[PDB]
Amino acid sequence: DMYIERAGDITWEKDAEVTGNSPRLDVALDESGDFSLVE
Amino acid sequence: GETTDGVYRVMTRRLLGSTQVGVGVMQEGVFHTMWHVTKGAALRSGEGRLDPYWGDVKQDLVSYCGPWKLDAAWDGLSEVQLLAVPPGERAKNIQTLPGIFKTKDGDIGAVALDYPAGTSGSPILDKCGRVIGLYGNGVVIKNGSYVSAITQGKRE
Ligand SMILES: CS(=O)(=O)c1ccc(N2CCNCC2)cc1NC(=O)c1cccc2ncccc12
């Protein structure tokens, strides 16, 4: 059995850590809700 | 139960100790998470119970106690923040410019950020603080790095 615990407020934080890139990817979505890389 | 708005952990005792299987969003009295986190099972909140109300395995989403409430969308231009809630670590905002998933059905924003599996369901925010989607359904790229869709449902 599963339960929930509160972790925070949903707010934008000025001077959050900024990272990650922005790839443009072709993907397929199957009936199971799984993305796969088309190439 | 704790009906208060904000981000929450999703825990089970069914594995070793207390394991975080993912995250969700409480808004207007409705809990929002990804389908693969709960597989549509009921949740406990103190004494309070949470029963599934809506879900779809293909969108990989589920809502509890009422219909899906989150309707904000990425403008396709601005940076956003993943409000990441990793297992056993504090909620931590990360800012990024989304990439793109191009599909036969149109285009979705994607966030290229690596986190443990139990982070599935962490909310993605716009500059006004509105939830534009949940993190943790996506793909693994050439690098071996993860790219998540910005997964969002519909409001009636
Ligand atoms: C392992 S899990 O319990 O989180 C999970 C279960 C099931 C599924 N899918 C969703 C679509 N229909 C059912 C199948 C996806 C996930 N997430 C991930 O695998 C993952 C989540 C975060 C980050 C990652 N980084 C790399 C690889 C993977 C991930």
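Residue numbering: from 1, along the chain as shown.
Method of determination (from the header): X-ray crystallography, 1.9 Å.
Including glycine, each Cβ sits where the backbone N, Cα and C put it.
What Swiss-Prot records for this protein:
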ACT_SITE  B:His36  active site, charge relay system
ACT_SITE  B:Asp60  active site, charge relay system
ACT_SITE  B:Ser120  active site, charge relay system
Count of other CB atoms lying within 10 Å of the CB belonging to B:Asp60 (active site, charge relay system): 25
Conformational class of B:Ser120 (active site, charge relay system) under the three-state DSSP mapping: coil
